[PDB]
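The primary structure of each chain is shown beneath.
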Amino acid sequence: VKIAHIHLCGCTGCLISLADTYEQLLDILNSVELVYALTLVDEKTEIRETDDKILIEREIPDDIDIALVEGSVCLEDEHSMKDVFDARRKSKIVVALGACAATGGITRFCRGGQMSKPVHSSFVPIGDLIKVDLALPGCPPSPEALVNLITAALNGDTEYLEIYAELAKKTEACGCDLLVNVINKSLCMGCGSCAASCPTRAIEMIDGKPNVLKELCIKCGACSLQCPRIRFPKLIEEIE
Amino acid sequence: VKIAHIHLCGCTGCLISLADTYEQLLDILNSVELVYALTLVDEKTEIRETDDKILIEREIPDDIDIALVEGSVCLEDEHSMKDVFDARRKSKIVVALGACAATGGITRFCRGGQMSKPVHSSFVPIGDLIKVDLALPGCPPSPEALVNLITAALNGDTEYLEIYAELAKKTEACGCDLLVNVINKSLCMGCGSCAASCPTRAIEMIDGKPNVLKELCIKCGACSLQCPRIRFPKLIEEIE
Amino acid sequence: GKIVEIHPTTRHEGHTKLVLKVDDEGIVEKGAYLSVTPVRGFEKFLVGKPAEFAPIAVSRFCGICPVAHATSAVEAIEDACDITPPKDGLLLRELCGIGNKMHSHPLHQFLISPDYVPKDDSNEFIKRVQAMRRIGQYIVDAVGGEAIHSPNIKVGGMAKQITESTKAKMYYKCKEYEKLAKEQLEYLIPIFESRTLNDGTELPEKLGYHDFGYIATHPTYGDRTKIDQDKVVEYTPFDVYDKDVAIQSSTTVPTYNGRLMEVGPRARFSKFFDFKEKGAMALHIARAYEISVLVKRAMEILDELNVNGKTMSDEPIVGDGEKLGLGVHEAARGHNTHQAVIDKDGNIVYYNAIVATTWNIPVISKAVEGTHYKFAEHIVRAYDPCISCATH
Amino acid sequence: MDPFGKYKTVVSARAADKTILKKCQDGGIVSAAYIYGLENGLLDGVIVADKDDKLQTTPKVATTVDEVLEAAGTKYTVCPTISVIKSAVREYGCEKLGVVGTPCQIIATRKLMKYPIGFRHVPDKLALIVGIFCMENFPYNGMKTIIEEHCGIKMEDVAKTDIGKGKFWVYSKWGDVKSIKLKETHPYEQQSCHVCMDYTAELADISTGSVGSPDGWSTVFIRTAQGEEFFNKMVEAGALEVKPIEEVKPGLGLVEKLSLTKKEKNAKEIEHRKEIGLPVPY
Amino acid sequence: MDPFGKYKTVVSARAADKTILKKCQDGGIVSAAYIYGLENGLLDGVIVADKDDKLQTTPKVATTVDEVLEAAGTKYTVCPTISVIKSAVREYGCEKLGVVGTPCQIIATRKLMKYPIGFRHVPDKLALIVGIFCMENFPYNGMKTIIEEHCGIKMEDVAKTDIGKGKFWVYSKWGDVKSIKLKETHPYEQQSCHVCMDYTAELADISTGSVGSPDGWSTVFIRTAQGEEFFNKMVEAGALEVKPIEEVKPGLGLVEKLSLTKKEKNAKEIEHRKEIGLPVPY
Ligand SMILES: Cc1cc2nc3c(=O)[nH]c(=O)nc-3n(C[C@H](O)[C@H](O)[C@H](O)COP(=O)(O)OP(=O)(O)OC[C@H]3O[C@@H](n4cnc5c(N)ncnc54)[C@H](O)[C@@H]3O)c2cc1C
Ligand SMILES: Cc1cc2nc3c(=O)[nH]c(=O)nc-3n(C[C@H](O)[C@H](O)[C@H](O)COP(=O)(O)OP(=O)(O)OC[C@H]3O[C@@H](n4cnc5c(N)ncnc54)[C@H](O)[C@@H]3O)c2cc1C
Ligand code: NFU
Ligand code: SF4
Ligand code: SF4
Ligand code: SF4
Ligand code: SF4
Ligand code: SF4
Ligand code: SF4
Ligand code: SF4
Ligand code: SF4
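Residues numbered from 1 in each chain as written, not as in the entry; some residues may be left out. Chains lettered and ligands numbered in written order. Part of a larger assembly, values for the part shown. Heavy atoms only, no water.

- Method of determination, as annotated in the archive: X-ray crystallography, at 2.85 Å resolution.

**Remarks on the overall build of chain A**
For step 1, the next point in the chain: Scanning chain A for helices and strands turns up nine helices and 11 strands.
For step 2, the next point in the chain: Whereas a compact globule of 240 residues would reach a radius of gyration of roughly 18 Å, chain A reaches 19 Å, a difference of no more than 12%.
For step 3, the next point in the chain: A sequence separation of at least 24 residues applies to 73% of the contacts in chain A between residues at least 6 apart.
For step 4, the next point in the chain: Within the structure as shown, chain A displays about 8,200 Å² of accessible surface, and the carbon and sulfur contribution to it stands at 50%.
For step 5, the next point in the chain: One finds the centroid of the 24 positive side-chain charges in chain A at a distance of 7 Å from the centroid of its 36 negative side-chain charges. (Helix = DSSP H or I, 4+ residues; strand = E, 2+ residues; numbered from the N terminus. Rg over C-alpha atoms; globule rule 2.2 N^0.38 Å. Contact = heavy atoms within 4.5 Å. Areas by Shrake-Rupley, 256 points an atom, 1.4 Å probe, with all protein chains shown as cover. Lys, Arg positive; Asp, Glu negative; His and termini not counted. Charge placed at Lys NZ, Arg CZ, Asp CG, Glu CD.)

**Section: the coordination of the nickel atom of ligand 3**
Geometrically, a metal with four donors at the corners of a regular tetrahedron has ideal angles of 109.5 degrees, and one with six donors at the corners of a regular octahedron has ideal angles of 90 or 180 degrees.
Residue and element names in this part refer to chain C.
For step 1, the next point in the chain: For the nickel atom of ligand 3, the full set of protein donor atoms is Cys65 (SG), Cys386 (SG) and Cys389 (SG), at a range of 2.5 to 2.6 Å.
For step 2, the next point in the chain: Between the nickel atom of ligand 3 and the iron atom of ligand 3, the interatomic distance is 2.6 Å, and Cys389 donates to each metal, bridging them. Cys389 matches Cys386 in its accessibility class, with the two residues each being buried. (Donors = N, O, S within 2.8 Å, 3.2 Å for Na, K, Ca; no water. Buried < 20%, exposed > 50% of the residue type's maximum accessible area, 1.4 Å probe, protein only.)

**Thoughts on the interface of chain A and chain C**
For step 1, the next point in the chain: At the junction of the two partners, chain A supplies 53 residues and chain C supplies 62 residues.
For step 2, the next point in the chain: In total, chain A and chain C occlude about 4,900 Å² of area from one another, counting both sides; carbon and sulfur atoms represent 58% of this.
For step 3, the next point in the chain: Inspection of the region where chain A meets chain C yields five salt bridges.
For step 4, the next point in the chain: Those elements giving two or more residues to the side of chain A that touches chain C turn out to be α1 (13-19), α2 (23-31), β4 (53-58) and α3 (78-90) of chain A.
For step 5, the next point in the chain: Examining the composition of the side of chain A that touches chain C, we find that six residues originate from one element, β4(A), more than from any other.
For step 6, the next point in the chain: When β4(A) meets strand β1 (residues 2-7) of chain C, the two strands line up parallel, connected through five bridges. (Buried area = accessible area lost by both parts, 1.4 Å probe. Salt bridge = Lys/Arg side-chain N within 4 Å of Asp/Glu carboxyl O. Pairing = 2+ DSSP bridges.)

**Side note on the packing of helix α5 (residues 143-155) of chain A against helix α6 (residues 158-168) of chain A**
Residues and elements named next belong to chain A.
For step 1, the next point in the chain: Between α5 and α6, the least distance of the axes is 9 Å, while the angle of their chain directions is 115°. As α5 runs across α6, the sense of the crossing is left-handed. Listed contacts from α6 to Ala145, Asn148, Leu149, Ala152 and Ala153 of α5 are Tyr160, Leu161 and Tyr164.
For step 2, the next point in the chain: Looking at side-chain class alone, the contact of α5 with α6 contains seven nonpolar, one polar and no charged residues. (Axes fitted to C-alpha atoms, helices over the stretch in contact; angles between N-to-C directions. Left-handed = near helix turned anticlockwise from the far one by under 90°. Nonpolar A, V, L, I, M, F, W, Y, C, P; charged D, E, K, R; others polar.)

**A word on the pattern of salt bridges**
For step 1, the next point in the chain: This model, assessed by the stated rule, comprises 78 salt bridges over all chains.
For step 2, the next point in the chain: Between A:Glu166 and A:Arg231 there is a salt bridge, with the nearest N and O atoms lying 3.6 Å from each other. Taken together, the residues span a long stretch of sequence, with A:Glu166 in helix α6 and A:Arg231 in the segment after α9 (222-226) at a distance of 65 residues.
For step 3, the next point in the chain: The exposure class assigned to A:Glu166 is partly exposed, which follows from its relative accessible area of 23%.
For step 4, the next point in the chain: The class for A:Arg231 is buried, based on a relative accessible area of 9%.
For step 5, the next point in the chain: Where E:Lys60 meets E:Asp50, a salt bridge forms, and the shortest distance between an N and an O atom there is 3.7 Å.

**A closer look at the environment of B:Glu46**
All names here are of chain B.
For step 1, the next point in the chain: With respect to the helices and strands, the residue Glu46 is situated in strand β3 (residues 45-49).
For step 2, the next point in the chain: Separated by 12 residues in the primary sequence, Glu46 and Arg58 have C-alpha atoms spaced 6.4 Å apart.
For step 3, the next point in the chain: Those residues in contact with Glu46 that sit more than four places away from it in its chain are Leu55, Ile56, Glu57 and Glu59.
For step 4, the next point in the chain: A distance of 3.1 Å separates polar atoms of two side chains, one belonging to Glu46 and the other to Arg48. (Polar contact = N/O pair within 3.5 Å; in protein donor to acceptor, adjacent residues only side chain to side chain.)

**Let's talk about the coordination of the iron atom of ligand 3**
For step 1, the next point in the chain: Coordination of the iron atom of ligand 3 by the protein comes from a single atom, C:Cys389 (SG), at 2.7 Å.
For step 2, the next point in the chain: Counting through the fold element by element, C:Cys389 comes out in helix α13 (residues 387-391).

Here it is as structure tokens:
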């Protein structure tokens, strides 16, 4: 199994969360073969020498089986868009890793105005440009949620991954997903688990309902993924 | 030729916006017979007598050509739901008048916990239960925009109404439409018209880009309707 | 005469490029190390947002050291509002930043390990690194509320208190970390002193020499009074690169008293421990030596901490709309600055950041000069570059 | 249609500690498990639903036996117990956490364990998951109207409430007892409960309820191996008094009737929503 | 493909008043129209784009002639002029408002006039809509690099900037003149301009620009009746010098070139976006 970590306009936090499997990471790294990851390996090096220049480039390799793509795409940066179409072509399964890649996340707030690239202002999730097969929300998703994705993908546990594959079709995330889809639809019973999932503590249970402090939400989508009144696959009911 | 004003969970501000056409309201009311409006006319009255009580009830009539529906639907009120389904079956053209009816608007923030109906907490736009034909955003939409809706509806000006028929298919609005569709997609040029449209002055031009003060947005959809980089039909190019 | 371009450079955080004028022999005569990552422009979309949102947002600069930016953010906002966090809140805050550095430094030694650690020692070496990072991440998770991006770092102090049990568990976890550190130091210092990679290549003695000074305000936390911001000036990439390369740089060029300055572990050891060794290897050595300073300091914080003491200040977040608050913090990779102006409503009027690596990038351009170009990336990695940080 | 979901064994039980019986609602299973775990190193923190002088609830992470006792008894209003599940493993530093909740709250707990996106370090610290039976719940102001306007007792004077024998019961600080037919409470119940397909907390380690067992006892369902070890440790130590359901009246049959009544009624509501176009979980 | 959209007549023109010519960019058409309207009761307010010491723009509602003269001149940076269009009708109390903007900003106007959802009382008070030609625009920091880093002049010393003859120009307060090839400015231009399909502000009552006319004159496209009445009132009162574009050089031909090249170049960007999946106006 050839795995690759592609880094676009992210922060590497999702990669660090993968590294926070520690002992499971050594297990994981010997079952798959990490062929590309600019932060970890020296691949893929290609040299082209003329009479005036020596070009040592690190390109994306081919045969990539699963590509963990982290961060959003900057439309005003040619390299950023060249690499998101590159990863799709050279990979069979493309995983939007984290809210930045899956739904925009914090980069939704980007508006530009800051040197040194004053023209950079338009950031979109990778799903707005290429096909996404699986999507992991959160900022960052937990290491435990990561090992489950990787294990299911290697064991073909398509029943487990269904919730993320369905999630790959949606490119928008916000705390208002709890209101629009649960509170407003007369489905919220007030368990409070959505509040416990939030990384910024933007959710506050009041009158038995979640109350989103909008100026603290980073649009990571962890709360709407957690709500058992949105998605509740039957496989969860199986416990030992 | 038979207009009806249905009032669900609204404030009547959109009806007042209609009344603020003044001289033009008396041409509308002689061009069109007003068959139902609890705030304006005493129809349709029926008397139901049993052994116990005499019930003088005002029902929504039949054969409504245009139905201006104002306000959202409370899923915990039987009468509220009964009236939205009644208005649909008895009208040929259902118009979502205002943000409450079209996308929820302020009533998206409802969550309950308030006597005297402690269970009321779930409010959805009418489009979530019935098929909507045309949708007017805003809180409330201007009187000018209202006369253009009615004139074009009576004249069969489908080209003009196309933008509102397209809106009737969507039931979710916010200030974030501007960011996810214009700023993040490298379409915003900084005209500032969206800031001038906001009824709550929640949009503030900074670095030539609209900045949404989320704690102020009431999700009326006036800015995203205004943005010429979202919808710019060729009909606007014909001027005198 | 010939040009050598290495792009992207590897085994560090982010996306950068090397542009090297070289002679017919491989020796670089003019060097240029620059960021090309797209600029997200955090500081610019924070304008108008409430002050409490700043530490939440700037934490997303980078996931390797998010604690460094939340700390500098709340220090700048507090300074602009004349807020003083309580004794125990400030202790917890420094403990949180240390825990993060306890995970970054071993992480960096894992990223460079392909060069210096032999193949047969790799698995044992990585197990030790991960055992150390586990303890460091445990501290950030318990004090900061999350291991990556800590919500408890707030304007006013720290949001939550730890229990006497969490405190004891942390202390004995630090004693374990201290033993792992002595084991790791024993192993790496001889290799860095050898100046020989694991394939046998002996690096030049003057590899990475540069003629620039250092900035550091504290060995483990930060001190705004040990620097005069008025003397910090950000210039454009045109001041250090040629025109055709300068239009590619994504960062600014920070100076102090009118000169470039290196930041990071060697800068701190120069200012507090009299460590004055030049070159690339000496940087690695200072970072390794620092692991011991960090864990010792953490245990000293645990002894002084009162788990029942106040951690959040009651002072309100109001400003005058004019004062330019200053918040500095010694991130893993060096002196890290955030600035903020807060109005009477508690909203952000102006915001700016001068991140650690940003100082280091123009030094690296001059530090690769003088050596063969196939050593350039070894000099780059010595500075533990975090480009998402440098660019933000 | 499966009445009770999966389980290993069902038994009628009550706590052995008599102080517990003086403050608990039914048999005191929830408190007896929490207290036994805290005292014998099996639990270091437990989630509870406390109340104030006006019966307003608050989820809380308890660490002492007295906190558990003060949280005993049922508050028939919505209390988000899972909202503190991360705080318990963060500042509180718990690593053997006890969880209690209605079936929908246990469901949310299994969801966050299977897909722990925003629950780093949380699932592997859940040592005991105790579910309670539930037919309906209420907003606070819903109960306030039931108690103060239909039963004629101020909230500050309420000592205990209970549902049973087709009536809702209010017991006063001053010895009074008042009851109203359960039909007069229906317009006040949280509507979102009308899509719930779980009456006996079918996904918990241990489930307990009043129905099926006599007054002062609880019908208890052992389900998982984690709840099996915990339960067997308690009965060995004598912390519980167990009688087979076959011997007690009304018996398991009532539990089957009520469970299937809830599943059948609310299934019509789910299909009704699908018909008009409203979303339902899946 | 139509080059200039629909129009009635096209002339070369310039303000008759000499003080306007001293402060304006080209022929002073915008300032002469605003000043004539204010002084003869055809306008009571006009939207302008002002600048500070460092060239940062601010959209403003002006009501005096001196406010119009101080806003004269081109600032090649984004200024949201339409953001104050409701402000002028509201607090300023205007009822004969003059508007100015680049083609996209004139488009934003017609849009809000046709579908005035959030523009109660606004459309009927728009008395004159003046578009200026535009090929590209820039974010402020984009222009700041061009002036300070490519032309070597501080913004605080800039007196005027102009685009012409394949070059960008900076005129200094102290007499200096610096210029660069326009290829040095392309990387700094607002990328959302690469979908613009309007060069001569085709939807305005009156359009004006520098292309086609010599230095100190403007090409002026009259399009609507409203701009025809206004223009004719101006020439009658002698407020303008008018020459046919048929006698002046370079001439309309250069305008038809530039307009078409732009439409041809940016239409390719629109089709590029459509194929890769990015949204475009329609
Ligand atoms: C809303 C509701 C409806 C119920 N409906 C039924 C029913 O139809 N049939 C049935 O047999 N049993 C029902 N129960 C459970 C029953 O009321 C008893 O609480 C249960 O048998 C446990 O009591 P105990 O004496 O064994 O333990 P106890 O010692 O009495 O402790 C009870 C525990 O439950 C927790 N708790 C109390 N109120 C709430 C709340 N609102 N939300 C979450 N946790 C809470 C407390 O933390 C406490 O520790 C219901 C409970 C609730 C809260
Ligand atoms: C970014 C930009 C690009 C342009 N490109 C071209 C081009 O390629 N070809 C061409 O012929 N003309 C172009 N123009 C217009 C031209 O430069 C002159 O502005 C135009 O001829 C009007 O000048 P004037 O002397 O007739 O009126 P003036 O008396 O000089 O007054 C001009 C008016 O325009 C307004 N204004 C100034 N800057 C801005 C701005 N940034 N946004 C909105 N309004 C503003 C001011 O309020 C002022 O009242 C451009 C203008 C801009 C702002
Ligand atoms: N260490 C560190 Fe950062 Ni990722 C850098 N460079 C920030 O404060
Ligand atoms: S989702 Fe969060 S942690 Fe992951 S790359 Fe984006 S900002 Fe960093
Ligand atoms: S998780 Fe869903 S059902 Fe539970 S409280 Fe949150 S929004 Fe309501
Ligand atoms: S409320 Fe919290 S969990 Fe939900 S999207 Fe916002 S930040 Fe993410
Ligand atoms: S849209 Fe606005 S004016 Fe119309 S009913 Fe709703 S709140 Fe009232
Ligand atoms: S920003 Fe203003 S116009 Fe846009 S949705 Fe919010 S309230 Fe409506
Ligand atoms: S109306 Fe659209 S294009 Fe104009 S400023 Fe607003 S978002 Fe940008
Ligand atoms: S009836 Fe169902 S949804 Fe309502 S409180 Fe009980 S378990 Fe939760
Ligand atoms: S080029 Fe077009 S989109 Fe850009 S500023 Fe000019 S008129 Fe607006």
